[PDB]
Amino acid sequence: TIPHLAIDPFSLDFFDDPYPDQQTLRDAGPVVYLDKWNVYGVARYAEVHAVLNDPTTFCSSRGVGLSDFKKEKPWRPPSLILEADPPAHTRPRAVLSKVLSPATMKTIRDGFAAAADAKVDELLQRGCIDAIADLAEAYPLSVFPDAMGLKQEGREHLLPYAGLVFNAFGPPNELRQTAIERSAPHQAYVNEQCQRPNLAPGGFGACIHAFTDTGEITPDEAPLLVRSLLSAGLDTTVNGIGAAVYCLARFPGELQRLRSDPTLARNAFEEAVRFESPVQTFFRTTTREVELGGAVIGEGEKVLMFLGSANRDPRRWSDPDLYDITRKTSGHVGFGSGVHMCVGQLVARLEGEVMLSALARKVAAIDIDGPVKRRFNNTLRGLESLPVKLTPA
């Protein structure tokens, strides 16, 4: 009834060019079985969206990586939000929502925008830069650790820790096992910065700890909620902004449209998140036997959702393989969908918007002028190196 495929969606060959294999996964059927890892897969928009929006049947508390927490110990204490189901999910989610709220965005927008403008000005003085290290990494590193309230010392641990976290959702391949081997100093740093005295007043971390007296969370929950922001809040935006610059570099017609109307910046970033899908995949675990797309899945089965594939499914999107900054992007699943839909999406969009605004106002051309190198991670899609020449407007 269900087609069986040998495609390994966590192989370097797949990461290097996932699009043919994603079409093979979509076209094989609404539900596939991946013999390499003994999991079900859904790669079409309809089934990915259905799975995301039924958290009772497709739960997160048995892990959103390949490992089933009912069968194996999690490599770190479970996240109180990502790896929780309702009702335990609900109040921690509400706290992070209020921490990363519209009012918070209003307090930080001017500073985030000034830092974006300053970075682009600095890069234009160099002309030839690496849009990963020098822009996609450098700009989030210049705003997000400060917005968290982190001290200066030890920030070099943040990107390695996040790469470890996203590799650890994967199967036990070499990427995952090497990440865990090297993890001890990054975990130690991160767990220490989650404690209330190490988070500067007014930042996101202090605000989480200040929410521990309302009856929503207790003091002993606040460090792991800070940990969620230090896990998910930096490396995602690095790959989101990197995706947007890579798109603008490959589609000069769209850079020209963005220059002519910088108010398209926010949608140009949203389209980059759909088009590249920095977070490629997440899993759920079935809590019962369930019929999905005419297939019957037993209880306690892992289901791999291909978010990037759903965002390119021609059953849902017209010309899905085109980067179009005026596309109606509403409904893409690059931030997820439903009760776990990215609680940091306003921070991500703020960063992406103000960076793309700075590019739109200051840069006339973005030309790849060196070898492009991909970065391999079991969950994140993005580049290691993106040499570009920036021509000033």
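What we label the rigid core is the largest C-alpha set whose atoms superpose within 1.5 Å from one form to the other. In this text, residue numbers run from 1 along the sequence as written.
- Put simply, when the other structures in 6 other deposited structures of this protein are lined up on the rigid core, the C-alpha atoms of 211 to 219 lie farther off than those of the other stretch, from 281 to 289 and 211 to 219.
- Comparing 153 to 161 with 286 to 294, the stretch with the higher mean C-alpha B-factor in the PDB entry is 286 to 294.
- Taking the PDB entry as given, 363 to 371 carries the higher mean Cα B factor of the two stretches 363 to 371 and 330 to 338.
- Comparing the listed residues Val120, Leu304, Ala94, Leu255, the entry records the largest Cα B-factor for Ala94.
- Between the residues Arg259, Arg274, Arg176, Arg250, it is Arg250 that shows the highest Cα B-factor in the PDB record.
- Among all modelled residues in its chain, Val31 ranks in the highest third by Cα B-factor.
- When the modelled residues of the chain are ordered by C-alpha B-factor, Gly63 sits in the lowest third.
- When the CA B factors of the chain's modelled residues are split into thirds, the value for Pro55 lands in the highest one.
- Among the modelled residues of the chain, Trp75 sits in the highest third by CA temperature factor in this PDB entry.
- In the deposited entry, the Cα temperature factor of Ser318 sits in the top third of values across the chain's modelled residues.
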